[PDB]
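Following this are structure 1 and structure 2, which are two forms of one protein chain, each written alone as structure tokens.
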Structure 1
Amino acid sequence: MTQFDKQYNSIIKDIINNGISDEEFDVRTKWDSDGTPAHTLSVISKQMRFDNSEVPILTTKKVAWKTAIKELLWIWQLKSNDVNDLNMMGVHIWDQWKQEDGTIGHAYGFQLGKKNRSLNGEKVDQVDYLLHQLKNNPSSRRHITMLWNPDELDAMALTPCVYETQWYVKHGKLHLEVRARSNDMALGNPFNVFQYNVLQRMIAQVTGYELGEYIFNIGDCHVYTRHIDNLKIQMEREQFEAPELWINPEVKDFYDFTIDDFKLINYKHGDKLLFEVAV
């Protein structure tokens, strides 16, 4: 029925039938409740492609799309590592890793906000630089954002899962390729695939380019053991036509966007599904 649902279900099926278990190893993740080792079944190097003729969102279950966009704005627009700023918006998906100072360390927003790029005699951050270059230097083969700063990896509460993106301007179309080193297919993935396609749509609007291709790459593609049952259910559910994403046409500046500027139209989906989070 939809591009995302079809690709998503297939990858999940693959992991459940040919995934490799890590039950014999001392994994880093522990279950939220009992605190016991959280293991997974996994595969490596998986890719999802979208032509952008549809909005990449799952319909086999209820996706907290509003929360996804809020997190995106927290990282890319606000460029803050303050879990508190996020709580303000009513999101607590990052509360579990909040540090003593209320932040998640020198990660995510902190990296995108660092003024380490020389533009015109002044320093700008990765986001400002990318916005300028996409307009004044489309053909560049260096349109990259990097959350994986090797120098501050030790100062991050949790190293980024979706740590990089590369943009291509070809034929007046803006293409986006993002990569996740580690992807929790049940929880994070649905959030990641959607929130980044939204970022593509935002950047495209403020730069004046048509929508290009959208590619999502995954390194370690896994599914935690306790999620199998619900996913098996989710996969058998029916799917509905993808919804339409309305973005305020008025906004011309990237930093002018607000959660209210996004509206999902006709988003039909299955019932919500609970998935325990491994910390």
Structure 2
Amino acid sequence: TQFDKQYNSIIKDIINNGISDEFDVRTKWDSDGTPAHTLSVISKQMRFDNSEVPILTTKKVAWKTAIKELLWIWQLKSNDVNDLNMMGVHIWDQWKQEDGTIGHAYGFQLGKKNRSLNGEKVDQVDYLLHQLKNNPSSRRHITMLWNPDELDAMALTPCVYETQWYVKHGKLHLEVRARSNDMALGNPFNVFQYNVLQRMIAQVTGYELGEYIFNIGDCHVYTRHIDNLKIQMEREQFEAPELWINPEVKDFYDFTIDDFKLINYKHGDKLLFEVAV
């Protein structure tokens, strides 16, 4: 089910069939100031049966950071970059508002007590966890970050803004969607990132692992990256590593960064891609 396999397939597709954007996108390369151009494809999907962790081996993926951001969003449910800073992460400071938050985005949405459960207002994460055990057959296991009533109050809108869970035959399946995704930098980080969430949720609810589905709306690549991306497609692919999660954790809110450990993560080498600002 290798991520390398499907990644390569999409990337190759975008290169030989992508649609170029130039009065469209203004993205000066933070390096020489020149404009960044993309090639994009619409509606792509990668499916994994969870027989292995979906992660890249042709290029190293920052697994630890993926999990720290994940926890900050889903567990702590905060929009405060400070909390994330205390976790040793600084990749969100560029969106830090006056109060240190990112407006009413990401974690803020997950923490709003807007669902009436047993006479009390509960948030999206709580409601879900409860309904996954006490109402598996439901066709409405949905988390939504794209709140239309507050899009203006968000220092930044989410790429991966939704997920739908399904309990089919004792198995927990997860489907997430990214409205936009940078295949070179953002994608690998996000695919692995949400698989961990599935594995976390499945453990605390007591379900076996179902299928993992990642949907991308606007699938794009920066032209400057194409050369390396083509080099990456020739790099050797190894067997997926093993992800260890503390089997003793039974409460979602009890997972810590220490409870996760990737085991035997063999990868390609350094091949960094420039970031466009």
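Only residues modelled in both forms are compared. Between two forms, the rigid core is the largest collection of C-alphas that superpose within 1.5 Å. Throughout, residue numbering runs from 1 along the sequence of structure 1.
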Residue from 38, 63, 55, 41 whose Cα, after superposing the rigid core, lies 2 Å or more away between the two structures: 38
For residue 29, is the C-alpha shift between the two structures 2 Å or more after core superposition? yes
If the rigid core is lined up, how many Å does the C-alpha atom of residue 214 shift between the two structures? 0.4
What is the Cα shift of residue 235 between the two structures once the core is superposed, in angstrom? 1.4
Once the two forms are fitted on their rigid core, how many angstrom does the CA of residue 272 move between the two structures? 2.8
Fitted on the core, where are the consecutive stretches (at least 3 residues) whose C-alpha atoms all shift 2 Å or more between the two structures? 24-39, 275-279
